[PDB]
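Peer 1: Supplied in structure tokens, the structure appears directly below.
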Amino acid sequence: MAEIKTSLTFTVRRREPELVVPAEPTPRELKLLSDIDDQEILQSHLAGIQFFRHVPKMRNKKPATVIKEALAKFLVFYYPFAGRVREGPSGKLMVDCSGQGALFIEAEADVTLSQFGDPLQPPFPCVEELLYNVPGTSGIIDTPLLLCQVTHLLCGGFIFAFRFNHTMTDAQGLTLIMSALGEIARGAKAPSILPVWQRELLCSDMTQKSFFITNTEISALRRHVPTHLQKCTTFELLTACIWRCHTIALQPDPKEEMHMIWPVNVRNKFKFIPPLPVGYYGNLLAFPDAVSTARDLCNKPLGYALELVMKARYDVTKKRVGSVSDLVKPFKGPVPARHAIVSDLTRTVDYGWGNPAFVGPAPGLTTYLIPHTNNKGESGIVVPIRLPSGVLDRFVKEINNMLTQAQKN
């Protein structure tokens, strides 16, 4: 199984980050975060990256400057994104909407869009520099809720990176919000969709390796499972494989309980009554939780883990009509420690330079299924696994063994 090493590196020069406040005074309120965006597993950050080719007619305009000023005007409507989150009484998190400002970095990079390769595909080099981690930012509470970096290129293109605080929205929200920002950058005076905020309706020694698996091997793994389970998604399959291997490789007590947790967006999977509000941009995620004992995962074939993953998916999606509060629920209980997390990154913003050349995303195991078409014309999936060297080599060994077999028969 191949490793993918990023072989591009460049200087980045950044100015000092600036607080962007809404261009117009906004309401000073104390808003509540819903019970979905409040849950522990979602108390992280959520990151994205956009690549824009140079446009000659846009020569008189500085993308950082258009975007920064757009941002001011955008924060007028999305004024929670200029607030800080913090601890309510009891154990609930709220947004202090006082226009403190989002963070914005203007940067330049000694490199050109072309030097990234054909095509633009992740994982990207030097991303830690494209979107800097200003010290005193990475906490959930009392930090800016949005951090964005515009970095312009020697070729006249530019990269736009952004990190949202994940208690405020999810990837789908991000899409809406990014489009809103784009229309305001593009001359509009209001987003096409006017945002609402009604989160009450939802209350009541480590080493890294990235691996490419060709659709060849995926095909093999598919043909090596029970036919009644052969119709799964390739995400489902690969997550089965990772749960299985990570557990074997983790060398834990055969009695330990093993959890395989992933986000599933239910914005468009359920038909809600009452419907959702038109400008809702709160978190809308179910967390299927596939469990098994260590020893069953290790002793049984991949079909056991796979079947369990699909029963998990179904169980969390079983009901398809009802209220949000009945249909969408937090992850039950304290997220375990033996858990493993997998996000699916397999499934049109314009600021004046057109649509992006690429647009995507920057103690237990947390990994991503990243689409990646290879050097020679294989679609496939890149998995950025990171573990301790002991665990990590054992993880590769076991996943390699499964690979050899699945095709070799």
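Each chain of the structure tokens is named A, B, ... in the order shown, its residues numbered from 1; ligands are numbered from 1 in display order.
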So which residues touch residue 28 in chain A within 12 Å, counting only C-alpha atoms, skipping near sequence neighbours fewer than 5 positions away, as a PyMOL selection string?

Peer 2: chain A and resi 22+79-80+82-84+95-100

Peer 1: Write out as a list in words which residues come within 7 Å of residue 182 in chain A when counting only C-alpha atoms, dropping same-chain ones fewer than 4 positions away.

Peer 2: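 Near neighbours after the sequence-gap exclusion: residues 178, 186, 349, 350 and 351 of chain A.
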
Peer 1: Residues of range 181-288 of chain A that approach range 335-341 of chain A to 7 Å or less, counting only C-alpha atoms: could you list each one with the shortest pair of atoms and its distance in Å to one decimal, rows by chain and increasing residue number, as JSON lines?

Peer 2:
{"residue": "A:258", "atom": "CA", "partner": "A:338", "partner_atom": "CA", "distance": 5.7}
{"residue": "A:259", "atom": "CA", "partner": "A:339", "partner_atom": "CA", "distance": 4.4}
{"residue": "A:260", "atom": "CA", "partner": "A:340", "partner_atom": "CA", "distance": 4.9}
{"residue": "A:261", "atom": "CA", "partner": "A:341", "partner_atom": "CA", "distance": 5.0}
{"residue": "A:262", "atom": "CA", "partner": "A:341", "partner_atom": "CA", "distance": 5.5}

Peer 1: Limited to N, CA, C and O atoms, could you put the picked residues into a file as a PDB file, in the first residue's frame?

Peer 2:
ATOM      1  N   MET A 258     -14.868  -1.354  21.627  1.00  0.00           N
ATOM      2  CA  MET A 258     -14.333  -0.565  20.524  1.00  0.00           C
ATOM      3  C   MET A 258     -15.456   0.189  19.810  1.00  0.00           C
ATOM      4  O   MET A 258     -16.478  -0.408  19.438  1.00  0.00           O
ATOM      5  N   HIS A 259     -15.245   1.504  19.622  1.00  0.00           N
ATOM      6  CA  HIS A 259     -16.217   2.420  19.032  1.00  0.00           C
ATOM      7  C   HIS A 259     -15.688   2.996  17.709  1.00  0.00           C
ATOM      8  O   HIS A 259     -14.506   3.346  17.588  1.00  0.00           O
ATOM      9  N   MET A 260     -16.569   3.106  16.723  1.00  0.00           N
ATOM     10  CA  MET A 260     -16.263   3.649  15.403  1.00  0.00           C
ATOM     11  C   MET A 260     -17.339   4.679  15.073  1.00  0.00           C
ATOM     12  O   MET A 260     -18.459   4.321  14.696  1.00  0.00           O
ATOM     13  N   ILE A 261     -16.975   5.952  15.190  1.00  0.00           N
ATOM     14  CA  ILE A 261     -17.903   7.070  15.239  1.00  0.00           C
ATOM     15  C   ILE A 261     -17.736   7.940  13.997  1.00  0.00           C
ATOM     16  O   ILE A 261     -16.624   8.379  13.673  1.00  0.00           O
ATOM     17  N   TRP A 262     -18.837   8.271  13.345  1.00  0.00           N
ATOM     18  CA  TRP A 262     -18.584   9.224  12.270  1.00  0.00           C
ATOM     19  C   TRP A 262     -19.712  10.231  12.076  1.00  0.00           C
ATOM     20  O   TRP A 262     -20.868   9.933  12.381  1.00  0.00           O
TER      21      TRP A 262
END

Peer 1: Any idea what the distance is between CA of residue 256 in chain A and CA of residue 225 in chain A?

Peer 2: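 Between CA of residue 256 in chain A and CA of residue 225 in chain A the gap works out to 25.5 Å.
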
Peer 1: Taking the DSSP assignment computed from this structure's backbone, write out as a ChimeraX atom specification all residues of range 91-122 of chain A that belong to strand (DSSP E or B).

Peer 2: /A:93-97,102-109

Peer 1: Pull the closest atom pair for each residue of range 121-209 of chain A that gets at most 7 Å from range 59-76 of chain A, along with the distance in Å to one decimal, counting only C-alpha atoms, ordering rows by chain and then ascending residue number, as a Markdown table.

Peer 2:
| residue | atom | partner | partner_atom | distance |
| --- | --- | --- | --- | --- |
| A:150 | CA | A:64 | CA | 5.4 |
| A:181 | CA | A:74 | CA | 5.8 |
| A:184 | CA | A:70 | CA | 5.8 |
| A:185 | CA | A:70 | CA | 4.7 |

Peer 1: With C-alpha atoms retained, write the just-selected residues as an mmCIF file, in the first residue's frame.

Peer 2:
data_model
loop_
_atom_site.group_PDB
_atom_site.id
_atom_site.type_symbol
_atom_site.label_atom_id
_atom_site.label_comp_id
_atom_site.auth_asym_id
_atom_site.auth_seq_id
_atom_site.Cartn_x
_atom_site.Cartn_y
_atom_site.Cartn_z
ATOM 1 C CA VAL A 150 -5.736 35.293 2.030
ATOM 2 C CA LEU A 181 -19.511 36.023 1.607
ATOM 3 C CA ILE A 184 -21.172 40.310 -0.851
ATOM 4 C CA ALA A 185 -17.615 40.341 -2.276
#

Peer 1: Could you list, as a list in words, every residue within 8 Å of residue 263 in chain A, counting only C-alpha atoms and ignoring same-chain residues fewer than 6 positions away?

Peer 2: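 Listing them by chain and then by number gives residues 285, 286, 287, 288, 342 and 343 of chain A.
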
Peer 1: Name the residues of range 101-149 of chain A that fall into helix (DSSP H, G or I) according to DSSP on the backbone, using the chain letters and numbers of this document, as number ranges by chain.

Peer 2: A: 113-116, 127-130

Peer 1: Rank A:214, A:151, A:230, A:39 by their smallest atom-to-atom distance to residue 375 in chain A, using only C-alpha atoms, and report the top residue only.

Peer 2: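 Among A:214, A:151, A:230, A:39, it is A:214 that comes nearest to residue 375 in chain A.
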
Peer 1: Taking only residues of range 25-119 of chain A that have an atom at most 12 Å from an atom of range 204-213 of chain A, what is each one's shortest atom pair and its distance in Å to one decimal, using only C-alpha atoms, in chain and number order, as a tab-separated table?

Peer 2:
residue	atom	partner	partner_atom	distance
A:32	CA	A:204	CA	11.9
A:33	CA	A:204	CA	11.6
A:34	CA	A:204	CA	8.9
A:35	CA	A:204	CA	7.5
A:36	CA	A:204	CA	10.6
A:92	CA	A:204	CA	11.5

Peer 1: Once you have the residues from the selection above, write them out as a JSON list (two decimals), in the first residue's frame, restricted to N, CA and C atoms.

Peer 2:
[["chain", "number", "residue", "atom", "x", "y", "z"],
["A", 32, "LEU", "N", -27.76, 31.64, 22.29],
["A", 32, "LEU", "CA", -27.60, 30.29, 22.79],
["A", 32, "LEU", "C", -27.14, 29.38, 21.65],
["A", 33, "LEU", "N", -26.21, 28.47, 21.93],
["A", 33, "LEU", "CA", -25.84, 27.42, 20.99],
["A", 33, "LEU", "C", -26.75, 26.22, 21.19],
["A", 34, "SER", "N", -27.14, 25.55, 20.10],
["A", 34, "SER", "CA", -28.10, 24.44, 20.20],
["A", 34, "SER", "C", -27.49, 23.24, 20.94],
["A", 35, "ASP", "N", -28.28, 22.18, 21.13],
["A", 35, "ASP", "CA", -27.73, 21.02, 21.84],
["A", 35, "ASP", "C", -26.92, 20.13, 20.91],
["A", 36, "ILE", "N", -27.10, 20.30, 19.61],
["A", 36, "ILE", "CA", -26.25, 19.62, 18.64],
["A", 36, "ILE", "C", -24.90, 20.33, 18.53],
["A", 92, "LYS", "N", -23.69, 24.90, 29.58],
["A", 92, "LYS", "CA", -24.08, 25.19, 28.22],
["A", 92, "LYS", "C", -23.27, 26.37, 27.66]]

Peer 1: From the options A:249, A:50, A:334, A:401, which residue's atoms come nearest to residue 388 in chain A, counting only C-alpha atoms?

Peer 2: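 Of A:249, A:50, A:334, A:401, the one nearest residue 388 in chain A, counting only C-alpha atoms, is A:249.
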
Peer 1: What's around residue 279 in chain A at 6 Å? Count only C-alpha atoms, leave out sequence neighbours fewer than 2 positions away in its own chain, and write the answer as a list in words.

Peer 2: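 Answer for this query is residues 194, 195, 196 and 277 of chain A.
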
Peer 1: Which of these residues is nearest to residue 164 in chain A, using only C-alpha atoms: A:5, A:376, A:15, A:45?

Peer 2: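 Comparing A:5, A:376, A:15, A:45 against residue 164 in chain A, the winner is A:45.
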
Peer 1: Of the residues A:297, A:203, A:309, A:392, which is the one nearest to residue 323 in chain A, using only C-alpha atoms?

Peer 2: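 Distance minimum relative to residue 323 in chain A lands on A:203.
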
Peer 1: Using only C-alpha atoms, which residues sit within 9 Å of residue 143 in chain A once same-chain residues fewer than 5 positions away are excluded, as an NGL selection string?

Peer 2: :A and (83-86 or 136-138 or 165)

Peer 1: Export N, CA, C and O atoms of the chosen residues as an mmCIF file, in the first residue's frame?

Peer 2:
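Written output follows (again04.cif):
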data_model
loop_
_atom_site.group_PDB
_atom_site.id
_atom_site.type_symbol
_atom_site.label_atom_id
_atom_site.label_comp_id
_atom_site.auth_asym_id
_atom_site.auth_seq_id
_atom_site.Cartn_x
_atom_site.Cartn_y
_atom_site.Cartn_z
ATOM 1 N N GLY A 83 -18.492 37.311 17.304
ATOM 2 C CA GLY A 83 -18.583 37.194 18.741
ATOM 3 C C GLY A 83 -17.649 36.134 19.293
ATOM 4 O O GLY A 83 -16.920 35.455 18.575
ATOM 5 N N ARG A 84 -17.663 35.991 20.610
ATOM 6 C CA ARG A 84 -16.887 34.917 21.213
ATOM 7 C C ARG A 84 -17.839 33.891 21.816
ATOM 8 O O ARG A 84 -18.925 34.251 22.277
ATOM 9 N N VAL A 85 -17.468 32.594 21.806
ATOM 10 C CA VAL A 85 -18.293 31.673 22.587
ATOM 11 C C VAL A 85 -17.753 31.659 24.006
ATOM 12 O O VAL A 85 -16.626 32.074 24.274
ATOM 13 N N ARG A 86 -18.600 31.259 24.940
ATOM 14 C CA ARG A 86 -18.159 31.140 26.323
ATOM 15 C C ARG A 86 -19.157 30.312 27.106
ATOM 16 O O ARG A 86 -20.184 29.864 26.579
ATOM 17 N N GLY A 136 -2.736 31.526 21.171
ATOM 18 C CA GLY A 136 -3.963 31.957 21.836
ATOM 19 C C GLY A 136 -5.247 31.974 20.998
ATOM 20 O O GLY A 136 -6.135 32.794 21.271
ATOM 21 N N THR A 137 -5.383 31.078 19.996
ATOM 22 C CA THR A 137 -6.578 30.993 19.147
ATOM 23 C C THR A 137 -7.292 29.641 19.198
ATOM 24 O O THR A 137 -8.475 29.571 18.838
ATOM 25 N N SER A 138 -6.626 28.564 19.597
ATOM 26 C CA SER A 138 -7.162 27.284 19.157
ATOM 27 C C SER A 138 -8.238 26.765 20.110
ATOM 28 O O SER A 138 -8.963 25.818 19.770
ATOM 29 N N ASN A 165 -14.944 28.020 14.077
ATOM 30 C CA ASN A 165 -15.226 27.298 15.320
ATOM 31 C C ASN A 165 -16.434 26.365 15.125
ATOM 32 O O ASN A 165 -17.532 26.818 14.790
#

Peer 1: I'd like the interatomic distance between CA of residue 115 in chain A and CA of residue 154 in chain A, to a tenth of an Å.

Peer 2: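 Rounded to one decimal, the two atoms are 10.7 Å apart.
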